[PDB]
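As structure tokens, one chain now follows by itself in the form deposited without the named molecule.
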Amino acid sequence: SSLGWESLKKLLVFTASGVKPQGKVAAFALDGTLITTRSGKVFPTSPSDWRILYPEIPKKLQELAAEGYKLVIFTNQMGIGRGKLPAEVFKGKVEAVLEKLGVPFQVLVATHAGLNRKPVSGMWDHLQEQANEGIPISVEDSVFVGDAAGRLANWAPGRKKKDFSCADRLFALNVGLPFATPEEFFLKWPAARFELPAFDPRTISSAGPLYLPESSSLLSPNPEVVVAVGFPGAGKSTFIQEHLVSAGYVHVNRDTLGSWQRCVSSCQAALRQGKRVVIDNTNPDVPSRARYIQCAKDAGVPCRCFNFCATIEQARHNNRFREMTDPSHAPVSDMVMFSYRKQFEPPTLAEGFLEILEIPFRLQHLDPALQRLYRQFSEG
């Protein structure tokens, strides 16, 4: 008599018989939190390779349900979106686990990257907005329990390995939920040491100057070559389009001209016509930039560098954000980010730049909802 499974593009939801909406929730991850492998291997050998993680678990769940907590699972299962784990098989595994736990659960399953993948709070919002009969949930009175908690190596005998991820802890931080690991919650073990990511998108801002030094000017009245430098996926092209190309700068993209000679001819022709040029590429190294500086030198026009300050993790954050929110965004691969960092050398005046502007990494004028999303951790 369970309502059963609902299937959405990037979400599965199961609602067991006996689930009731409530004003407070006790939520759990699945793998490594309520279950682990029966085989004793790190990864399951089959769909049936599971056992309840600790014998203490069903007693705690019975107590929570009697106290009026709605019991919920929030589980990341990317293998489904990637075609490695059949949805219909995973659904059966979940039902079997729930039968063994012996209490009514509502389960939410993030099958893909993006809005629903912890730590992004998409599943919470779905629970609250669509799957709780309109009853507001007190986050302060709720709890999330998971093993992707960013713990350091050796927090217990047999754990010479740090947690694979901090996604569970960060999900709870994004929602504002009190958080505990499975051992802290079910076994009353002392709290384990953990680390958060170095980049905290909650401290991102829209304030401050667009570029430094403020006494400089984005535009020049005369021909010149501007060389943009910075990680891909962190908003360079958008900036360049908004502030330079819109002002008549000729956009040069070496990647699409093919050869170097065609790129310089293009630059030279623009300058000969009295135009200004911007090179909108990553340009991470001295040799990469030297070609454009030499071109400018040969033409007798100034070369300036716009140096975008975005760090690798800011850029990767921005890229994930745009993947989730902008249907036209071209995803930047981790390979390309990695490659850029490996090749990067900071620009200096000795290369031959007239001046270097720094472009700080700042929040876009995004919709209120998108600004809330921008401030969420999106990778564990």
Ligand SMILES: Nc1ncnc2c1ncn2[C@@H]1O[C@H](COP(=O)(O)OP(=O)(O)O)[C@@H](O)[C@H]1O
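Note that residue numbering begins at 1 and tracks the sequence as displayed.
If you look for the form solved in complex with the named molecule, you will not find it shown, but the lines that follow are about it.
With the site C-alphas superimposed, the ligand pose in the deposited bound form sets the named molecule onto this chain such that three or more atoms are within 2.4 Å of backbone or C-beta atoms; a blocked site results.
The stretch among 64-72, 348-356, 316-324, 47-55 whose residues place heavy atoms within 4.5 Å of the named molecule in the deposited bound form is 316-324.
Proximity to the named molecule in the deposited bound form, taken as a non-hydrogen atom within 4.5 angstroms, holds for one residue of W124, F105, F231, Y292, which is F231. Although the partner is absent here, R362 lies within 4.5 Å of the named molecule in the deposited bound form, judged by heavy atoms. Remark: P119 does not count among the residues lining the named molecule in the deposited bound form, judged by a heavy atom distance of 4.5 Å or less. When the named molecule is considered in the deposited bound form, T238 lines it closely, a heavy atom lying within 4.5 Å. When the named molecule is considered in the deposited bound form, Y374 lines it closely, a heavy atom lying within 4.5 Å.
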